[PDB]
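Trainee: Pasting an experimental structure, sequence included:
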Amino acid sequence: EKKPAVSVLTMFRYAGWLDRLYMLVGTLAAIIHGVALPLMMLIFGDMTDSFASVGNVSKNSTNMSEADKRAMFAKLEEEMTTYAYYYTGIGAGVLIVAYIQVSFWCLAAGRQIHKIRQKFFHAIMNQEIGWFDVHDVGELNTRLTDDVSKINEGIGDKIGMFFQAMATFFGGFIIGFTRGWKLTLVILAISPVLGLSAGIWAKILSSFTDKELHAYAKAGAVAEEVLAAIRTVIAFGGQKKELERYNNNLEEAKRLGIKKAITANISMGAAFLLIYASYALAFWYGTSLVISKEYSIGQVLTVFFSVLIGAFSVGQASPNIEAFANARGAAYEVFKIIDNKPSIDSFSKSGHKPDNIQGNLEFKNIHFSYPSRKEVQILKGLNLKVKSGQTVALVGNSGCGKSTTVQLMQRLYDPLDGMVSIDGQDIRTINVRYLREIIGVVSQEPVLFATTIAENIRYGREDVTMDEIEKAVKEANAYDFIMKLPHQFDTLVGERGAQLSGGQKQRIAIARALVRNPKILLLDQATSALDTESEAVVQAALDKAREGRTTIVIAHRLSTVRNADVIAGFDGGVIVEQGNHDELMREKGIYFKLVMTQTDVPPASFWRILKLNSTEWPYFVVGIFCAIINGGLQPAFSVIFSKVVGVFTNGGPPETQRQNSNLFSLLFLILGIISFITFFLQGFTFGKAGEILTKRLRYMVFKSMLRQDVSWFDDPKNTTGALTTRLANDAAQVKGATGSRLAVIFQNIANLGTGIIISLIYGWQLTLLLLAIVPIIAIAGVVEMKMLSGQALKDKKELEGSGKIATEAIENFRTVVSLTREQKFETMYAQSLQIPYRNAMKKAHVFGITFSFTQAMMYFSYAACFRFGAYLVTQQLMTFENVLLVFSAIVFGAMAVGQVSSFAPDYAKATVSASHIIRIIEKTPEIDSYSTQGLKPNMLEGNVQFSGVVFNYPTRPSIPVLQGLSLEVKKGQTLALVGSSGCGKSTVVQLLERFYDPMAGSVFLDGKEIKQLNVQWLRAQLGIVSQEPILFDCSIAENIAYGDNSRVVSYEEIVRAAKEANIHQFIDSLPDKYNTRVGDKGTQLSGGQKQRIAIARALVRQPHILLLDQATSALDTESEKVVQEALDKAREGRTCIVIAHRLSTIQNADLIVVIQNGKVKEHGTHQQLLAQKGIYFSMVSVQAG
């Protein structure tokens, strides 16, 4: 894959001359700060020479008593005044420089973003409507705030840190070469061995990464299928069969998880070894160059560090490039849109603006193809005139052609041939905005914007008085309902506010269009989406709106049409018949045939989580052990480094300097080996311990999830997706809080513990300073991580309003362009953006300081140590060796916990990720579907009885559905439930299923409380048939046999059921018979066919009760009669409850219940409820008239 990017020099367009200056001045700061630490190493070298030169004089030979004490020691006291003044000089310059660096870079980036957001949005509001047709709008809106957020990374402070790291790369390799070149070319011969070893593992870790996501993708697919189809899963008791499918694919990603877990800790210790190796090689060789009196001890300690800093400076500039290249890439998809210019420019000011429009309309030889499907011609040779003040209705067979006419007169596409003219004038020769200002449009579905009614109306024309609104709302027939709304004209509508009916929204849409006082009216099914009641007021308001306006109406009710002055009949893009109603009727053509048919804050305990991995404590014991050793190797190195430098700085004979130096030099590879061993074993024991824990926890969750009752899966929070996430990554992210947390804390304790102890005895005065100040500098790195994050919320929350505005505008682009308010939303966007602008321009001032005062308290405090430590050698109270054994035992050890803590997984993100897992496991349901107790008799009667049932849904607890609902179905009878639309009718089926218990009342089965019968054996004798039958991606054999689980389904037993479902004959005429894969992968089945399969699945069980809920909810007319045949077969001598919405099934039923407000208003046979002349009578009358 090769994703494009922008040329670097392009991408900084929109950068003003002041931004070109800030980036320059800020860079010069970054270069200075870069070389500023190499100087700290040069002095640190020349400081040990000053100590080494005298450290062995006052000891070895006792020449003078106090004329040697004061001589050498009053020399150091004057030498160290300068080295301390030198150190403090850096921190002063750092404090200034570091501020200018991040100040000026974040500033110049911010100034550029605010100029990008506005230009990018405007670019989107300037596109064509065929431009929106081809593109996916969803990713476009996220591209407004994600891609613009991907650029601000790679132009902000991330550059200032890069030129810093490069200024150290060259600043560091400079000092090494000019102070001694043998040592460096030794090291730079090894750094290719390490630059190679580093990149290799990232190629091998990425290998075992993508292979893992394809391992769980099998398991996580079974997960998604179940939890969408859970209603079918519980109703057929396959809660364990689905646990095994999810499990038998769950071992793949475990074994693969180990090849990542081992090879990750190999990669750690492998490169952790090559540091300890190249340390000895550079010190073994470095000691041999001071023995021959070429270098001093101060020379080596400069050069070895000033290389490794500059050499490690690359790895710190790796991501700052990658973030800059991510910014180039995201900036391409955006800058393309800004530089794209349309043919139909909704912003240009080109064409005429003719006054006194008659509105003669002429279509001439129009040919047209849409641009998403340019292979299909829509119109061929289409011709037609509208005379001033006339109404034109367009009729004809189903097609997009009629609306295409309406879309071309808006000029939202440019026809392929022919010409659309107004008063003799080509519509492509006037201006676009003037055109649409004279044109109103009432679309099929009305868009209301989330504002007040006044503002929704004012979108039509922003200079309007409340008087003028009042006239229009009247004309649209919306005034009386508005006066009855709670805040009248200020009531808030849209997606956020009070819901208006369909009829009321359209009259508002009509009022919006009326304010425009256009000369032409276009209506595209303004009455389709409305029942005959709501429609009458709307037709009256439409009919009002047409007076003296030129009108083309896409009509759905025929009676509305007969008031038109002329009818055009369309067939295949071509006007076949044209005339008044009687002419086309007389023609007995197309038109005639038509008109005579229509007549989350859980704090889990650290110990609770640890117990989850307790089954594998032997893995844990070892990992603790190696976590102590590896935590002890750091204070070892602080000695073996000190004991080396001690030789050359405290006193010794040059007869022992060989064996002491070379010994300690090879104790590094002792330490280096022990590093590699304790890591390969730490991540082999704590590694499997985690990859076990995931697999065992993903199972225990998914098991515990199917145990839950239906009220849980009804919740808004436990949607089928948020459960797959919780089951997939949150289940795995736990292991960063069981073993990996012990490995940290045992290392961290074993590191700072044993290093505090040692430094205290070798000299306690220096330590109480350092362990008092390490608290200070350690704090500072946290508050930066906090306020970098706590500030991330503020600026990025204030952007949601700015982003929500744009969301409202893109999601209804076809609407707003017809209102020509592309500019209004642009202004609304910019004004909202002025807050995160002014906040960000103070932000860089802050992070300028938090970055400045971090480095100043470190460079200053570097003097307060090597000053205090120096006075301890002046006063003959401590040696220079013991200082280095204190300094590099606290500092390099306090630096160790950070290098540990930043590697290990985010502990906070893992605990809360785990606390949710325990809750999803420890939850026990109201309805233990898994249970084993319950009566389960041999009594196959099947008398059903509801007594005074009272029930509310706990998802929607305030609503009543059933109050005192009582009703019996006697053995073998069919009962039909009828009544007004409501969940009361449907609820009876879910309570007999027992997906929920009732709050009060009782459901009995043969005289027995269902709360006392096994949940599995209640549901085992119930065959459910839902509206939309859910089929599993699987063979026909599996989908039908799924109904009777734990059962020996034979070829014989399946086929008799398919006979009685009436599908047998259909199976035998198609390929591969009963083995056919069904779903999206396989032959796609129709709507009608699927339901017939659901009946067959229920038939195999041969249950005593059949539950039919709103079945036949489809339009396949022939299929419908097939279903009813199978159903009459399926009903035979079985106890049946049918939720009937279509009336004809009910006539042959043995008993009918009419339900209203939880209460059984009436009942009887078909004939008896009719002759009562009550509620049932009212419903049935609607069908025949």
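Mentor: The structure has been received and is ready for your questions. Residues are numbered from 1 along each chain as shown.
Trainee: Where does the residue nearest to residue 990 when sequence neighbours are not counted sit: helix, strand or coil?
Mentor: Once flanking residues are discounted, residue 990 sits nearest to residue 996: 6.1 Å by C-beta to C-beta, 6 or more residues apart in numbering. All C-beta spots, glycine's among them, are computed from the backbone N, C-alpha and C. For residue 996, the secondary-structure state derived from DSSP: H, G, I helix; E, B strand; the rest coil is coil.
Trainee: Give the full set of residues in contact with residue 996.
Mentor: Residue 996 makes contacts with 709, 710, 711, 927, 951, 953, 954, 990, as judged by C-beta atoms under 8 Å, 6 or more residues apart in numbering.
Trainee: between the residues you listed, which is nearest residue 129?
Mentor: residue 953 (43.3 Å; C-beta to C-beta).
Trainee: and the closest one, how many neighbours does it have?
Mentor: Residues near residue 953, counting by other C-beta atoms under 10 Å, number 16.
Trainee: From residue 319, how far off is it?
Mentor: Here the criterion is C-beta to C-beta, to the nearest Å. By it, residue 953 lies 51 Å from residue 319.
Trainee: so after the longest helix along the chain, what's the next helix or strand?
Mentor: If you go by DSSP state H, the chain has its longest helix at helix 69-125. Per DSSP states H and E, helix 69-125 leads on to helix 129-134 as the next helix or strand towards the C-terminus.
Trainee: From the contact counts, what lies against that next one?
Mentor: Counting by 3 or more C-beta pairs under 8 Å, 6 or more residues apart in numbering; DSSP states H and E, the packing neighbours recorded for helix 129-134 are helix 813-819.
Trainee: what does the helix it packs on rub up against?
Mentor: Residues outside helix 813-819 that contact it (C-beta under 8 Å, 6+ apart) are 125, 129, 132, 137, 346, 410, 412, 436, 439, 441, 443, 447, 459-460, 512, 809, 822, 825.
Trainee: Burial check on residue 41, number of neighbours?
Mentor: Residue 41 has 23 neighbouring residues, counting by other C-beta under 10 Å.
Trainee: Now do the buried residues in stretch 352-366.
Mentor: 354, 357, 359, 360, 361, 362, 363, 364, 366 (16 or more other C-beta atoms under 10 Å).
Trainee: and which of those is nearest to residue 1080?
Mentor: Ranked by distance to residue 1080 (C-beta to C-beta), the buried residues of stretch 352-366 are led by residue 366 at 38.9 Å.
Trainee: With adjacent residues omitted, what lies nearest to residue 801?
Mentor: Using C-beta to C-beta, 6+ apart and skipping residues adjacent in sequence, the residue nearest residue 801 is residue 832, 5.0 Å away.
Trainee: ok and whichever strand or helix holds the one you found relative to helix 69-125, angle-wise?
Mentor: Using DSSP H and E, residue 832 falls within helix 822-874. Calculated by axes from the mean of the first three to the mean of the last three C-alpha atoms, to 10 degrees, helix 822-874 forms an angle of 170 degrees with helix 69-125.
Trainee: and whichever helix or strand comes after helix 822-874, what does it pack onto?
Mentor: The helix or strand immediately downstream of helix 822-874 is helix 880-901, counting by DSSP H and E. Packed against helix 880-901 by the contact rule (3+ C-beta pairs under 8 Å, 6+ apart) you find helix 17-55, helix 617-650, helix 740-762, helix 764-797, helix 822-874.
Trainee: Can you point out the buried residues in the first one?
Mentor: Neighbour-count burial for helix 17-55, counted by 16+ other C-beta under 10 Å, picks out 19, 22-23, 26-27, 29-55.
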